[PDB]
Amino acid sequence: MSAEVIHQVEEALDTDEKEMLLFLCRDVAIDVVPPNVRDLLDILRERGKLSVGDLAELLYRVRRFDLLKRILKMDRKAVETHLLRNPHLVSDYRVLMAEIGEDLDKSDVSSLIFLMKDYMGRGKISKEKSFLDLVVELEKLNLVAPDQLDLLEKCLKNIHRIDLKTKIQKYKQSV
Amino acid sequence: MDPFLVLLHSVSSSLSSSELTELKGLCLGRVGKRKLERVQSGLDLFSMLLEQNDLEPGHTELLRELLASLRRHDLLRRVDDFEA
Amino acid sequence: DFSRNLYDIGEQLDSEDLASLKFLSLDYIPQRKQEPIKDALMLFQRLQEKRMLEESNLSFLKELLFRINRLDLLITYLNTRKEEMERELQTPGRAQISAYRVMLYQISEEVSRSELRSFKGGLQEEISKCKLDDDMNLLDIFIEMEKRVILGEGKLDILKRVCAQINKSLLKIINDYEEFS
Amino acid sequence: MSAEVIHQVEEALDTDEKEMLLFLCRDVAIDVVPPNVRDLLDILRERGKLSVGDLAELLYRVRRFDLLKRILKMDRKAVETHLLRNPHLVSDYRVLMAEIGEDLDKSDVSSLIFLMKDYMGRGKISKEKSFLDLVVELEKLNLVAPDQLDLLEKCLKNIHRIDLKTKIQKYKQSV
Amino acid sequence: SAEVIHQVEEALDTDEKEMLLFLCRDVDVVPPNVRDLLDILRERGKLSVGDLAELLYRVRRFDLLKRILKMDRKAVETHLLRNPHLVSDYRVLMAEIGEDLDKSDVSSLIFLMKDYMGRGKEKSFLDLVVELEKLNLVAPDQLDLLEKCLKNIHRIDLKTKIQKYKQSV
Amino acid sequence: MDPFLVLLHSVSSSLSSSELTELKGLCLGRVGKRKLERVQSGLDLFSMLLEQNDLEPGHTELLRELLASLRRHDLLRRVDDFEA
Amino acid sequence: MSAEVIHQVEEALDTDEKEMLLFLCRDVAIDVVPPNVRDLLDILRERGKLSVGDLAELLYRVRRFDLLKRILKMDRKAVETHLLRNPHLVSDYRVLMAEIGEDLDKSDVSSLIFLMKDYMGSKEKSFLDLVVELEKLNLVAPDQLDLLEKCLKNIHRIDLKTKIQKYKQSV
Amino acid sequence: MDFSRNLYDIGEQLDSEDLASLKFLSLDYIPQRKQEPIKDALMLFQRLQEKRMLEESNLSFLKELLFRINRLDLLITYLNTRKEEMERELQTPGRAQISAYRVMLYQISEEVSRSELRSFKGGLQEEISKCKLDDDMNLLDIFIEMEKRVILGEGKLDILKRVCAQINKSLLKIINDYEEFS
Amino acid sequence: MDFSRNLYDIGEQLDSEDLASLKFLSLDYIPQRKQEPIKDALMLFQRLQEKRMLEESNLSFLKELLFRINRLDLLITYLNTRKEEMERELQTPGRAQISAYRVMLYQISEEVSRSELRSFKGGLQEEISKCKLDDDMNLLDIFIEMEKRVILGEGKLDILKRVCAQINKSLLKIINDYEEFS
Amino acid sequence: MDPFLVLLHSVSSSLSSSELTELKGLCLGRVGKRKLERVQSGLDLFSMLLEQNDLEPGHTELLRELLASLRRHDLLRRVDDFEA
Amino acid sequence: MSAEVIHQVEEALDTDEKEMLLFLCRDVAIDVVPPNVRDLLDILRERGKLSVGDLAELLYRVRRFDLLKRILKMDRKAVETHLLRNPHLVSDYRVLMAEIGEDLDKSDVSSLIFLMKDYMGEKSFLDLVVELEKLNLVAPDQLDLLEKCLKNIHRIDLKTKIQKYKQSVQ
């Protein structure tokens, strides 16, 4: 809403979820990519698509419900009703990717990057990567699309994780 | 429950080594040889048998006949008086 | 100097006595910090941290060493005798360790391996057999019962009934401790 | 399916039958090796091959029916009928090996490992071993197979035990 | 003073520093390092001899009280009743509960709470309370979920501690 | 077989030390000397004989021969009464 | 050849065989000292020495035949014939050292380290670590073996001495 | 290389009972913290070497230890010493590193049978205060237990004499000889 | 496989007495530390295999051990050697890997009764100084104990000669035959 | 084999205490005193003799010589019937 | 002799070897203290004090004779002759400190830290030595604080070596 609430949100969010927020704000943001969340929030406020009521959705997408009661004074019921009666800001693909990333540990992402080391650049593998970063890199070549899940499902099955395969198939069935 | 456990401990406390090994042989079918190798007390064997629920407070006929085969009058009558 | 005496005292304690001292210090040393302790030096350092065992004040160490029934270290290094130790311990306010722990340790001393197995064979309702491992010492069983609030400060009926099950000699200790008040 | 039941089953299992369970679950988990029972059960749950029937079958195989009554609230009749009308999670070869190992004391495994010391190594099996461990070690060198049991049968015959040889012949006649 | 904080910060352990950060988390920006936290507290004027003594008594490092602040436990105990403003009773309870769990119990707790918590390196009880607070179900007024979770690892003494805390307020 | 096991137990119970030693000698051909050394009663000998499958509950011809050798017709009569 | 076989090999072998595999490829990797098996296999793949036959040979030295049957789809006869005809990569000296170390137990290695404590500078370790430490001090070489052969006799173990003599005869 | 091999050969000829006897005899010069994890004679030799009581130049302690436990074979087989030379060396004052107390206790321990051991154990209920009356305790273990509670001291031999008076008088003769030695 | 089967089958027909005799006879090549854990013939065979004195291509020592303890049925059943062949093989010098002193001691021990054993123990108890009051021991243990105190060696037989002469005369005859052999 | 063993047992059963002592005195020259001090019957004596290979079912000359030394023609005709 | 030789030497060294080398090169590191071993090697090479004999001396003092034979084509005899004839780069005090640190058991260092924590105020013995040197309690001329403490922990063996070095300074 104001400029002080933006600062309060920025200082209450760690860099661990900053990458998650940047990934979750990909579809809306099309002009430039801001390195930090503060610049992203400023850009969205300037664009006029950011409101006090809409930002709560982002909180529900980052699992930081404490700020909802501390600042917005809203519970899960209020955000659920608002989501039901208002259009969704973020597509289900972005939240599905974050949900998948929320259930993988180091021993799995390391195996994934080892398997797909050859798929990406030969010299780019030097820099440390993350599951969301790997997804972004694969989307750069458009090897995976919001409606495309075959390669991702095959890769997930390759490490013998059928639980995420079931969720991917359910999401594809829904959309 | 607890009365069953105290009855089992009491009947185990009044057994001899010869009785112990005779009982160990007599239940060779229900217990593997490896488990019977490490059996040193009657209570341990009774617990091992109870693990397969062959011996239960609701059905103690197997233990009854097993003790009767050893010709123990006082223990058998105490067991028969346990439920009453 | 001063640390040399503590090192000498801690260099003459075996594993069993170390475990006994670890058990006797549950009130002041939390369970989380107790696991990394593997030798008397770490326990002495932790006691130094809480400012209850220093160069000027050695009463707690004297009482702890006397409790585990080892007077050799007392007479040799700490320079004290049994008579004055008992005289000091008769003071109601100088008993750092409650009589509850002393009673539990004394009861633990008076149990043999067959009696230990008999104890372990009559508690399946509360403690799982896997955690027993059929070889845990009686101190571990006592602390496990304490954690699950089975053997409590005012809860002594289960201990009394298992005592009456096994032996009547320990019942004398239990009832005199209860009559101590 | 919940974590509570898995934790309770883990803490209600003695140290002796944990090795039995690990050996039994070798077929399902063929690409990874779990250190403890809880990790193995978690891997099965993640892989989607875990359910009420699977746990019931495992507990029936390990012969701990009291836990079936207390935990899963099932009797022998129900689990036996379900296993009759459903495919088996563990092949008959593994249960046969477990039953054979259940019938050998500590004075025979030493003779077995001494007899076969020429074929395999010496210093690795110098430590006290169980029959299941010896079977695993033999399977590592590809000497005993579900369709190949000549060596084990001959070794059992050589140590003056015929009943187990008859059991092996019975199983071979079954398939 | 100001520079004595250095003498304090060199006399603390990593786990002790983590416990101190969790205790001071109540009072808004999260500090990444303990030195920054102390500098911020000094800047805001909340740094005081009595407050630091109360904090050290809470973390139970009486040797530092004797050496640095030249005070004993009785003096800080008396001073505590005047203004317990730095740390609330709920945070003290959480820290005391956290300092009474061994490796097996915390492993069981994280395994049980993985059912409905983000799967994501090994963390202790103090490292899990902050995540639960972020998830916004462990509040100073409501603790039913924490009590139910704690009852599943067969620790009734801490349940009685929670009941005592509830009765206190 | 539980009736077979209890019959074997009864047969082993009625013997004596001298008969036990005579049977131990008489089984030296089949049973090894080292295994015969460790036996303490005829019950263990009967179990060991069951191990090599030469003696089975269905067919007890070796048991009949051994009992007839010891000039104990009462125990052979018990065995054949069990058979009938 | 791809990362699938490497991943399965990493997830199949336990640490005991992993240490032996690390020891065996110590000499071929003359520059790098990987602590794991993943990076070692990656380096072998990049250098071009790694191949189906080479991987089969390495797994055969570790004596894990079921991996050959399952992953590489080969039996022991094919790899045996390949070793018979195609030259080997690992030296005979390293495999001889591994074979010798396979037999010694904890008491024997403790006695050996107590005897050898004079020639070096405490911890508890396996035989492979001891032979690596000796090779660091340039006391045991693929052509120099007098020290090990002499010390293996004083502990009353002559079969290993016969094995060493047979290897020396093989030259 | 020869010295270490000779020490290993000497240590390989000692069974468990002799190792326990050596551990009891050399109790004074090594703390119990570094003595309990001793599982073989090699570790004991290493511990002695660390504290500078056994080395290539100095062997006066190993010979005395082997002579005290009546292992006269190893003295002449490896260390090349005779019984008479060791006896004359021990006759000279100032070279007896082991006090007469420990050797007297060991000699007493050497002259007790199993039934005598059980009687001796049962006769000490008052002093042990019902701590451990198990029959698996060695006589040396009982001596150590009594030493811990300063019941049996260097000059506090009243309890030992009182208990030993019940069984036999030859042990009393040994105790009187030790007393006359001082 | 076949060689291991033969070794196991031969070892499966030995009781405690034969195991003790085998352990005593081969005391030269087996140190006491490695000898104490041995509890069955299989461990003895493994220990012999380690020192490379028993293999499918070399069975001489096993035949010597089986012949020395007066057990020839095993020799002709599983090893296929008659008495005459083994006697001729032992006739040539250098092929006997057991010293004549050890076999002489074993043969002497095999000819002592219970009362004879009691008299033997009481005769020489002065040298061991009451340490051998136990009545549940065998003669081989007494021989080992005497060997430890170097009172009875290969070249020293005076004590044994005196005690056997006090007990009987046939034992002195055997000792004289052994002495006249060398 | 089995007929040989049963014949040996039958011929040993007919032995008496005086006959046992006489046979032990006669056999004292064959084997050591200690091996002959624990034998309580001719059955165990024959078992011991089987070890030294002096007595075998194929060659029983020593057995019949020892039996005739005690002047028991019934046992001689029994063994003759067995072998012929 | 080029930079690839020192690069390979740094690559092949173990972590403990790097730590020991960093501690041992302290005497010539008065101008600057480089946390990294490669930086220290570069600084020494650019200063002109790093020669082939210098590298051989360092390798002999880190007990890595295999590198000496494989890379510099030199044996222990040649480096020993060079050490005996040519001047020594580092004083024997550092060598004695390194040997004492190497010979101490893992358990004893904790007891030493506990005993010496009163004077000052997980950690290797070398860290303890450098910390004590920073406080200027133990110096290459005074070793009473070290010798008495070593005698206090009942490990009288290293006291003989310390006394030998003390007799060697005259």
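All chains are identified by letter, namely A, B, C, D, E, F, G, H, I, J and K, in their written order; residue positions are counted from 1 within each chain.
Basically, contacts are C-beta pairs under 8 Å (C-beta built on N, C-alpha and C of every residue); 3 or more make two chains touch, one makes a residue touch a chain.
Asks: What is the set of chains touching both subunit D and subunit J?
Replies: Chains that touch both subunit D and subunit J, as defined above, are F, I.
Asks: Quick one: how far do you have to rotate subunit H to sit on subunit I, C-alpha fit, nearest 5 degrees?
Replies: Between subunit H and subunit I the superposing rotation measures out at 70 degrees.
Asks: Which chain pair is joined by more contacting C-beta pairs, G-K or C-K?
Replies: When the contacts at C-K and G-K are counted, G-K has more.
Asks: Taking the mean of the C-alpha atoms as each chain's centre, how many Å separate subunit D from subunit G?
Replies: Measuring from centre to centre gives 32 Å for this pair.
Asks: Approximately how many whole Å separate the CA-defined centres of subunit B and subunit I?
Replies: It comes to 48 Å between the two C-alpha centres.
Asks: Could you state the distance in Å from the CA-based centre of subunit G to that of subunit I?
Replies: Chain centroid spacing, subunit G to subunit I, equals 43 Å.
Asks: Using the average of all C-alpha atoms in each chain as its centre, how far is it in Å between subunit C and subunit J?
Replies: 70
Asks: At which residue positions does subunit E touch at least two other chains?
Replies: none
Asks: Scan subunit C for residues touching two or more other chains and write them down.
Replies: In subunit C, the residues touching two or more other chains are 11.
Asks: On the basis of the stated criterion, which chains touch which? Give every pair.
Replies: A-D, A-E, A-G, B-C, B-D, B-F, C-D, C-E, C-H, C-K, D-E, D-F, D-G, D-I, F-I, F-J, G-H, G-I, G-K, H-I, H-K, I-J
Asks: In the complex of these two chains, what residues of subunit F are touching subunit D?
Replies: Counting only subunit F, the residues touching subunit D are 32, 50-54.
Asks: Which positions of subunit G touch subunit D when the two form their complex?
Replies: The contact residues of subunit G facing subunit D are 8, 11-12, 14, 63-66, 69, 76, 101-105.
Asks: Along subunit D, where are the residues that touch subunit E in the complex?
Replies: Within the complex, subunit D touches subunit E at residues 2-4, 7, 38.
Asks: If we count contacts the way the header does, which residues on subunit D are in touch with subunit F in the complex?
Replies: 160-163, 166
Asks: Flag every residue of subunit I that touches subunit D in the complex, lowest number first.
Replies: 1, 3-5, 8, 42, 46
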